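Structure file work39.pdb; described as PDB, C-alpha atoms.
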ATOM      1  CA  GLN I   1      -4.852  13.544  13.490
ATOM      2  CA  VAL I   2      -2.728  10.760  12.009
ATOM      3  CA  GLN I   3      -0.358  12.156   9.436
ATOM      4  CA  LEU I   4       2.510  10.644   7.430
ATOM      5  CA  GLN I   5       4.589  13.460   5.957
ATOM      6  CA  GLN I   6       6.890  12.905   3.007
ATOM      7  CA  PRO I   7       8.837  15.494   1.018
ATOM      8  CA  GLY I   8       7.550  16.050  -2.502
ATOM      9  CA  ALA I   9      10.371  15.026  -4.815
ATOM     10  CA  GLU I  10      13.961  14.088  -5.404
ATOM     11  CA  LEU I  11      15.791  14.917  -8.654
ATOM     12  CA  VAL I  12      18.990  12.784  -8.654
ATOM     13  CA  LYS I  13      21.646  11.469 -11.005
ATOM     14  CA  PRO I  14      22.084   7.945 -12.330
ATOM     15  CA  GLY I  15      24.278   5.964  -9.947
ATOM     16  CA  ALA I  16      23.630   8.214  -6.868
ATOM     17  CA  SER I  17      21.907   7.248  -3.611
ATOM     18  CA  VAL I  18      18.860   8.973  -1.964
ATOM     19  CA  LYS I  19      17.491   8.947   1.502
ATOM     20  CA  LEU I  20      13.682   9.192   1.740
ATOM     21  CA  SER I  21      11.986  10.343   4.943
ATOM     22  CA  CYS I  22       8.486   9.714   6.288
ATOM     23  CA  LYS I  23       7.624  11.680   9.381
ATOM     24  CA  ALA I  24       4.830  10.331  11.516
ATOM     25  CA  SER I  25       2.539  12.388  13.700
ATOM     26  CA  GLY I  26      -0.634  11.948  15.681
ATOM     27  CA  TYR I  27      -0.044   8.491  17.127
ATOM     28  CA  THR I  28       2.556   6.508  19.057
ATOM     29  CA  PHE I  29       5.153   5.731  16.338
ATOM     30  CA  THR I  30       6.426   2.420  17.795
ATOM     31  CA  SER I  31       2.955   0.803  18.014
ATOM     32  CA  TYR I  32       2.383   0.464  14.226
ATOM     33  CA  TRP I  33       4.561  -1.042  11.455
ATOM     34  CA  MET I  34       5.799   1.139   8.583
ATOM     35  CA  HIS I  35       5.953  -0.114   4.991
ATOM     36  CA  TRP I  36       7.425   1.298   1.777
ATOM     37  CA  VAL I  37       5.729   0.883  -1.604
ATOM     38  CA  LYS I  38       6.840   1.790  -5.114
ATOM     39  CA  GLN I  39       4.559   3.005  -7.885
ATOM     40  CA  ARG I  40       5.548   3.216 -11.540
ATOM     41  CA  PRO I  41       3.300   4.396 -14.385
ATOM     42  CA  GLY I  42       1.074   1.461 -15.259
ATOM     43  CA  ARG I  43       3.115  -1.148 -13.300
ATOM     44  CA  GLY I  44       0.849  -1.158 -10.262
ATOM     45  CA  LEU I  45       2.438  -1.191  -6.800
ATOM     46  CA  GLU I  46       5.495  -3.080  -5.586
ATOM     47  CA  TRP I  47       6.117  -3.762  -1.898
ATOM     48  CA  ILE I  48       9.703  -2.892  -0.924
ATOM     49  CA  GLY I  49       9.665  -3.926   2.720
ATOM     50  CA  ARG I  50       8.616  -2.924   6.198
ATOM     51  CA  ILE I  51      10.095  -1.987   9.521
ATOM     52  CA  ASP I  52       8.929  -2.442  13.027
ATOM     53  CA  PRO I  53       9.887   0.908  14.584
ATOM     54  CA  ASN I  54       9.976  -0.475  18.134
ATOM     55  CA  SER I  55      12.683  -3.077  17.487
ATOM     56  CA  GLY I  56      14.175  -1.946  14.206
ATOM     57  CA  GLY I  57      13.384  -5.394  12.628
ATOM     58  CA  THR I  58      13.077  -5.340   8.867
ATOM     59  CA  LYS I  59      11.690  -7.672   6.208
ATOM     60  CA  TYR I  60      12.214  -6.965   2.510
ATOM     61  CA  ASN I  61      10.905  -8.042  -0.841
ATOM     62  CA  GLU I  62      13.846 -10.171  -2.096
ATOM     63  CA  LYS I  63      14.063  -8.046  -5.307
ATOM     64  CA  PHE I  64      14.960  -4.908  -3.162
ATOM     65  CA  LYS I  65      17.307  -6.649  -0.651
ATOM     66  CA  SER I  66      20.494  -5.268  -2.260
ATOM     67  CA  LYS I  67      18.967  -1.886  -3.088
ATOM     68  CA  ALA I  68      17.110  -0.646  -0.032
ATOM     69  CA  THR I  69      17.945   0.046   3.596
ATOM     70  CA  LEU I  70      15.202   0.856   6.076
ATOM     71  CA  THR I  71      15.873   2.532   9.398
ATOM     72  CA  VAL I  72      13.925   4.623  11.889
ATOM     73  CA  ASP I  73      14.773   7.503  14.255
ATOM     74  CA  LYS I  74      12.540   6.961  17.284
ATOM     75  CA  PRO I  75      13.076  10.419  19.029
ATOM     76  CA  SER I  76      11.911  12.296  15.918
ATOM     77  CA  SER I  77       9.483   9.481  14.922
ATOM     78  CA  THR I  78      10.777   9.410  11.312
ATOM     79  CA  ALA I  79      11.140   6.382   9.093
ATOM     80  CA  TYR I  80      13.816   6.382   6.425
ATOM     81  CA  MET I  81      14.453   4.466   3.231
ATOM     82  CA  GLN I  82      17.870   4.674   1.537
ATOM     83  CA  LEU I  83      18.062   3.592  -2.167
ATOM     84  CA  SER I  84      21.550   3.040  -3.669
ATOM     85  CA  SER I  85      23.055   2.888  -7.155
ATOM     86  CA  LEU I  86      20.046   4.483  -8.819
ATOM     87  CA  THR I  87      19.079   3.796 -12.381
ATOM     88  CA  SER I  88      16.128   4.926 -14.574
ATOM     89  CA  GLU I  89      14.088   1.849 -13.361
ATOM     90  CA  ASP I  90      14.211   3.526  -9.863
ATOM     91  CA  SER I  91      12.207   6.574 -11.055
ATOM     92  CA  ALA I  92       8.853   6.198  -9.293
ATOM     93  CA  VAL I  93       6.618   7.540  -6.552
ATOM     94  CA  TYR I  94       7.526   6.000  -3.171
ATOM     95  CA  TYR I  95       4.968   5.874  -0.347
ATOM     96  CA  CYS I  96       5.325   5.134   3.340
ATOM     97  CA  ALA I  97       2.224   3.423   4.849
ATOM     98  CA  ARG I  98       1.317   2.540   8.430
ATOM     99  CA  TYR I  99       0.096  -1.017   9.049
ATOM    100  CA  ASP I 100      -2.045  -2.012  12.023
ATOM    101  CA  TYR I 101      -0.244  -5.220  13.054
ATOM    102  CA  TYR I 102      -1.683  -5.473  16.568
ATOM    103  CA  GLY I 103      -5.174  -4.358  15.529
ATOM    104  CA  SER I 104      -7.088  -4.993  12.358
ATOM    105  CA  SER I 105      -4.426  -5.657   9.723
ATOM    106  CA  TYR I 106      -4.944  -2.830   7.265
ATOM    107  CA  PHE I 107      -2.613  -0.296   5.649
ATOM    108  CA  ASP I 108      -4.837   2.553   7.048
ATOM    109  CA  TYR I 109      -2.802   5.770   6.562
ATOM    110  CA  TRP I 110      -0.542   6.589   3.637
ATOM    111  CA  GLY I 111       1.969   9.424   3.114
ATOM    112  CA  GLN I 112       1.514  11.540  -0.048
ATOM    113  CA  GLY I 113       4.544   9.945  -1.753
ATOM    114  CA  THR I 114       7.901  11.296  -2.890
ATOM    115  CA  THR I 115       8.465  11.439  -6.655
ATOM    116  CA  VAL I 116      12.046  10.282  -7.446
ATOM    117  CA  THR I 117      13.264  11.158 -10.972
ATOM    118  CA  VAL I 118      16.647   9.648 -11.921
ATOM    119  CA  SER I 119      18.004  11.793 -14.721
ATOM    120  CA  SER I 120      21.232  13.125 -16.133
TER
ATOM    121  CA  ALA K   1       3.003 -15.299  -6.477
ATOM    122  CA  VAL K   2       1.039 -13.230  -8.963
ATOM    123  CA  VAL K   3      -2.122 -11.437  -7.672
ATOM    124  CA  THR K   4      -4.762 -10.803 -10.336
ATOM    125  CA  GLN K   5      -7.564  -8.241 -10.390
ATOM    126  CA  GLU K   6     -10.050  -7.289 -13.113
ATOM    127  CA  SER K   7      -8.438  -4.528 -15.235
ATOM    128  CA  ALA K   8     -11.384  -2.132 -15.406
ATOM    129  CA  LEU K   9     -15.062  -2.257 -14.333
ATOM    130  CA  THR K  10     -17.805   0.223 -15.212
ATOM    131  CA  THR K  11     -20.870   0.875 -13.119
ATOM    132  CA  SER K  12     -23.579   3.517 -12.724
ATOM    133  CA  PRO K  13     -24.549   5.446  -9.619
ATOM    134  CA  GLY K  14     -26.652   3.373  -7.203
ATOM    135  CA  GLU K  15     -25.595  -0.063  -8.568
ATOM    136  CA  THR K  16     -23.940  -2.848  -6.582
ATOM    137  CA  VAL K  17     -20.465  -3.845  -7.847
ATOM    138  CA  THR K  18     -17.963  -6.526  -6.811
ATOM    139  CA  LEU K  19     -14.187  -6.511  -7.446
ATOM    140  CA  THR K  20     -12.048  -9.664  -7.023
ATOM    141  CA  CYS K  21      -8.523 -10.559  -6.002
ATOM    142  CA  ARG K  22      -7.135 -13.907  -7.138
ATOM    143  CA  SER K  23      -3.957 -15.685  -6.086
ATOM    144  CA  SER K  24      -1.607 -17.528  -8.437
ATOM    145  CA  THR K  25      -0.883 -20.147  -5.809
ATOM    146  CA  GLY K  26      -4.414 -21.328  -5.000
ATOM    147  CA  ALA K  27      -7.304 -20.201  -2.876
ATOM    148  CA  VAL K  28      -7.154 -16.879  -1.041
ATOM    149  CA  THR K  29      -7.696 -17.727   2.649
ATOM    150  CA  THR K  30      -7.848 -15.635   5.840
ATOM    151  CA  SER K  31      -4.063 -16.307   6.293
ATOM    152  CA  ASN K  32      -3.428 -13.892   3.316
ATOM    153  CA  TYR K  33      -4.889 -10.889   5.344
ATOM    154  CA  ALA K  34      -6.466  -9.398   2.161
ATOM    155  CA  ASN K  35      -6.164  -5.634   2.022
ATOM    156  CA  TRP K  36      -8.160  -3.278  -0.185
ATOM    157  CA  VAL K  37      -6.619   0.163  -0.822
ATOM    158  CA  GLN K  38      -8.060   3.037  -2.841
ATOM    159  CA  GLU K  39      -6.128   5.455  -5.043
ATOM    160  CA  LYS K  40      -7.991   8.687  -5.884
ATOM    161  CA  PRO K  41      -6.760  11.349  -8.362
ATOM    162  CA  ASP K  42      -3.658  13.075  -7.249
ATOM    163  CA  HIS K  43      -1.915   9.913  -5.873
ATOM    164  CA  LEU K  44      -4.145   9.897  -2.794
ATOM    165  CA  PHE K  45      -4.170   6.503  -1.133
ATOM    166  CA  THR K  46      -6.524   5.377   1.617
ATOM    167  CA  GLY K  47      -6.788   1.901   3.217
ATOM    168  CA  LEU K  48     -10.361   0.542   3.063
ATOM    169  CA  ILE K  49     -10.251  -3.051   4.153
ATOM    170  CA  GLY K  50      -7.622  -5.057   6.053
ATOM    171  CA  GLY K  51      -7.486  -8.663   7.322
ATOM    172  CA  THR K  52     -10.143  -9.809   4.702
ATOM    173  CA  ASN K  53     -13.188  -7.956   6.148
ATOM    174  CA  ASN K  54     -12.164  -5.283   8.732
ATOM    175  CA  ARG K  55     -13.307  -1.881   7.492
ATOM    176  CA  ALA K  56     -11.015   1.055   8.416
ATOM    177  CA  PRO K  57     -12.455   3.823  10.623
ATOM    178  CA  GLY K  58     -14.118   6.485   8.491
ATOM    179  CA  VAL K  59     -14.826   4.280   5.438
ATOM    180  CA  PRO K  60     -18.521   4.452   4.426
ATOM    181  CA  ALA K  61     -20.555   1.370   5.326
ATOM    182  CA  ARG K  62     -21.292   0.578   1.573
ATOM    183  CA  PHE K  63     -17.765  -1.012   1.288
ATOM    184  CA  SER K  64     -17.511  -4.612   2.438
ATOM    185  CA  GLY K  65     -14.821  -7.259   2.022
ATOM    186  CA  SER K  66     -15.317 -11.030   1.998
ATOM    187  CA  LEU K  67     -14.040 -14.259   0.436
ATOM    188  CA  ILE K  68     -16.199 -15.326  -2.540
ATOM    189  CA  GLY K  69     -15.267 -18.800  -3.833
ATOM    190  CA  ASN K  70     -11.462 -18.982  -3.971
ATOM    191  CA  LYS K  71     -10.982 -15.158  -4.144
ATOM    192  CA  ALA K  72     -10.874 -12.006  -1.924
ATOM    193  CA  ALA K  73     -13.731  -9.632  -2.972
ATOM    194  CA  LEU K  74     -14.596  -5.990  -2.466
ATOM    195  CA  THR K  75     -18.300  -5.149  -2.783
ATOM    196  CA  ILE K  76     -19.588  -1.597  -3.106
ATOM    197  CA  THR K  77     -23.337  -1.382  -2.386
ATOM    198  CA  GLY K  78     -24.890   1.645  -4.075
ATOM    199  CA  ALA K  79     -21.833   3.059  -5.889
ATOM    200  CA  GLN K  80     -21.415   6.858  -5.831
ATOM    201  CA  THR K  81     -19.402   9.207  -8.169
ATOM    202  CA  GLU K  82     -16.886   9.690  -5.332
ATOM    203  CA  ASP K  83     -16.115   5.962  -5.644
ATOM    204  CA  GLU K  84     -14.531   6.378  -9.135
ATOM    205  CA  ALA K  85     -10.875   5.371  -8.456
ATOM    206  CA  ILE K  86      -8.270   2.602  -8.712
ATOM    207  CA  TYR K  87      -8.672  -0.233  -6.208
ATOM    208  CA  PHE K  88      -5.665  -2.363  -5.329
ATOM    209  CA  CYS K  89      -5.789  -5.572  -3.336
ATOM    210  CA  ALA K  90      -2.730  -6.964  -1.489
ATOM    211  CA  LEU K  91      -2.104 -10.518  -0.214
ATOM    212  CA  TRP K  92       0.292 -11.632   2.528
ATOM    213  CA  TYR K  93       2.367 -14.705   1.739
ATOM    214  CA  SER K  94       4.172 -15.638   5.021
ATOM    215  CA  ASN K  95       7.133 -13.092   4.641
ATOM    216  CA  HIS K  96       6.032 -10.623   1.945
ATOM    217  CA  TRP K  97       3.156  -8.590   0.494
ATOM    218  CA  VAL K  98       2.189  -8.918  -3.203
ATOM    219  CA  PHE K  99      -0.106  -6.223  -4.687
ATOM    220  CA  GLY K 100      -2.572  -6.928  -7.521
ATOM    221  CA  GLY K 101      -2.430  -4.792 -10.695
ATOM    222  CA  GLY K 102      -5.353  -2.575  -9.530
ATOM    223  CA  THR K 103      -8.879  -2.223 -10.962
ATOM    224  CA  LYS K 104      -9.932   1.098 -12.532
ATOM    225  CA  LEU K 105     -13.562   1.577 -11.449
ATOM    226  CA  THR K 106     -15.524   3.959 -13.698
ATOM    227  CA  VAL K 107     -18.848   5.264 -12.292
ATOM    228  CA  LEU K 108     -20.752   6.640 -15.296
ATOM    229  CA  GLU K 109     -22.550   9.958 -14.501
TER
END
Write-out of the structure in structure tokens:
Amino acid sequence: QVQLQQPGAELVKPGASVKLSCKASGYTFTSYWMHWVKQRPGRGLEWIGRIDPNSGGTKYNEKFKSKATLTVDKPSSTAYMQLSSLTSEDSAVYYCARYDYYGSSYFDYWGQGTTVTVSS
Amino acid sequence: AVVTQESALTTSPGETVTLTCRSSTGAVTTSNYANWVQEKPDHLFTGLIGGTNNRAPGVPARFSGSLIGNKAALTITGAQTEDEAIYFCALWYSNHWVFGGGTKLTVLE
């Protein structure tokens, strides 16, 4: 029922920008918070930030403050993450994850992740 | 803050195993809303535990979260082959989440 859909991959050039999408289905989009997480081979997970889709309020990991922009499109119930001035260190798998703020405080459902490869 | 987890743990089918999550800054309390997430082959993530001990709908009853000493802990009672995966814990520190390095759990069949 609950589904977070993310496109498979992004092959982009050093210095470009990418917009990642996470389409939510099977639940009321504005009732749960949406988070973005980065995964790099052997470097575990890094929290980028989250967005409350009802108000548009964001909170970011200070390391990604000047790199990432989170927005939502309520009518289409899609969450977006824009990454600018990409470098090789930006090549990773990026996940969107729903967080039950008003309920039990878990990251219950995760998208499949978008693999971003920054290459010339 | 740095969140630390055991690197790798090995168990056998039917055994009881416990994984821990330690904070750099002191004791893990209920104000850290400890989360346990599981990564299965093929980058498949599922949330197991949230807010220290709340099990997500659909998670088998053999997974339980608690605070043991000055650490968040994930206990698997009667480990199965399907439980071989990477377990990540995450701690909330007032305005940001910090993820541990993950624990690779090997279930020897």
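Coordinates place atom CA of residue K:101 at a distance of 19.8 Å from atom CA of residue K:63.
Each of K:44, K:8, K:27, K:56 was checked against residue I:110 using all atoms listed in the file; the smallest atom-to-atom distance is that of K:44.
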Starting from chain K, keep only residues with some atom at most 12 Å from an atom of chain I, counting all atoms listed in the file, and report them as a compact mmCIF listing (two decimals) with C-alpha atoms, in the frame of the given file.
# COMPACT_ATOMS: atom_id res chain seq x y z
CA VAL K 2 1.04 -13.23 -8.96
CA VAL K 3 -2.12 -11.44 -7.67
CA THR K 4 -4.76 -10.80 -10.34
CA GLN K 5 -7.56 -8.24 -10.39
CA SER K 7 -8.44 -4.53 -15.24
CA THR K 30 -7.85 -15.64 5.84
CA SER K 31 -4.06 -16.31 6.29
CA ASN K 32 -3.43 -13.89 3.32
CA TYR K 33 -4.89 -10.89 5.34
CA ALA K 34 -6.47 -9.40 2.16
CA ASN K 35 -6.16 -5.63 2.02
CA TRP K 36 -8.16 -3.28 -0.18
CA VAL K 37 -6.62 0.16 -0.82
CA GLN K 38 -8.06 3.04 -2.84
CA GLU K 39 -6.13 5.46 -5.04
CA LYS K 40 -7.99 8.69 -5.88
CA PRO K 41 -6.76 11.35 -8.36
CA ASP K 42 -3.66 13.08 -7.25
CA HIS K 43 -1.92 9.91 -5.87
CA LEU K 44 -4.14 9.90 -2.79
CA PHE K 45 -4.17 6.50 -1.13
CA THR K 46 -6.52 5.38 1.62
CA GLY K 47 -6.79 1.90 3.22
CA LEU K 48 -10.36 0.54 3.06
CA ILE K 49 -10.25 -3.05 4.15
CA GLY K 50 -7.62 -5.06 6.05
CA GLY K 51 -7.49 -8.66 7.32
CA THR K 52 -10.14 -9.81 4.70
CA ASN K 53 -13.19 -7.96 6.15
CA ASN K 54 -12.16 -5.28 8.73
CA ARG K 55 -13.31 -1.88 7.49
CA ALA K 56 -11.02 1.06 8.42
CA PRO K 57 -12.46 3.82 10.62
CA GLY K 58 -14.12 6.48 8.49
CA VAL K 59 -14.83 4.28 5.44
CA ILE K 86 -8.27 2.60 -8.71
CA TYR K 87 -8.67 -0.23 -6.21
CA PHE K 88 -5.66 -2.36 -5.33
CA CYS K 89 -5.79 -5.57 -3.34
CA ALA K 90 -2.73 -6.96 -1.49
CA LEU K 91 -2.10 -10.52 -0.21
CA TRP K 92 0.29 -11.63 2.53
CA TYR K 93 2.37 -14.70 1.74
CA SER K 94 4.17 -15.64 5.02
CA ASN K 95 7.13 -13.09 4.64
CA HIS K 96 6.03 -10.62 1.94
CA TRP K 97 3.16 -8.59 0.49
CA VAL K 98 2.19 -8.92 -3.20
CA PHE K 99 -0.11 -6.22 -4.69
CA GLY K 100 -2.57 -6.93 -7.52
CA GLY K 101 -2.43 -4.79 -10.70
CA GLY K 102 -5.35 -2.58 -9.53
CA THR K 103 -8.88 -2.22 -10.96
CA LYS K 104 -9.93 1.10 -12.53
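Taking all atoms listed in the file into account, the protein, DNA and RNA residues within 12 Å of (20.2, 11.0, -1.7) read residues 9, 10, 11, 12, 13, 14, 15, 16, 17, 18, 19, 20, 21, 80, 81, 82, 83, 84, 85, 86, 116, 117 and 118 of chain I.
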Rounded to one decimal, what separation in Å do you get between atom CA of residue K:85 and atom CA of residue I:23?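 Interatomic distance, atom CA of residue K:85 to atom CA of residue I:23: 26.5 Å.
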Between atom CA of residue K:79 and atom CA of residue I:2, what is the distance in Å, rounded to a tenth?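 So the answer is 27.3 Å.
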With the file shown as input, list the residues that the PyMOL selection byres ((chain K and resi 71) around 6) selects, as a VMD selection string. chain K and resid 21 to 22 28 67 to 70 72
Apply the PyMOL selection byres ((chain K and resi 75) around 8) to the structure shown and report the selected residues as a PyMOL selection string. chain K and resi 16-19+62-65+73-74+76-77
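Distance check against residue I:40 using all atoms listed in the file: of I:5, I:64, I:22, I:88, the minimum falls on I:88.
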Best match for closeness to residue K:84 among K:10, K:20, K:25, K:60, counting all atoms listed in the file: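 Of all the options, K:10 lies closest to residue K:84.
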Quick one: 6 Å padding each side, axis-aligned, all listed atoms of stretch 90-103 of chain I - centre and edge lengths in Å to one decimal, as JSON?
{"center_x": 4.5, "center_y": 1.0, "center_z": 2.8, "size_x": 31.4, "size_y": 25.0, "size_z": 39.6}
Which of these, K:24, K:109, K:1, K:29, has the shortest distance to residue K:80 once you count all atoms listed in the file? K:109
Counting only C-alpha atoms, which of I:66, I:91, I:71, I:55 gets nearest to residue I:36?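 Closest candidate: I:71.
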Name the closest residue to residue K:9 among the candidates K:107, K:66, K:26, K:83; distances are taken between atoms, counting all atoms listed in the file. K:107
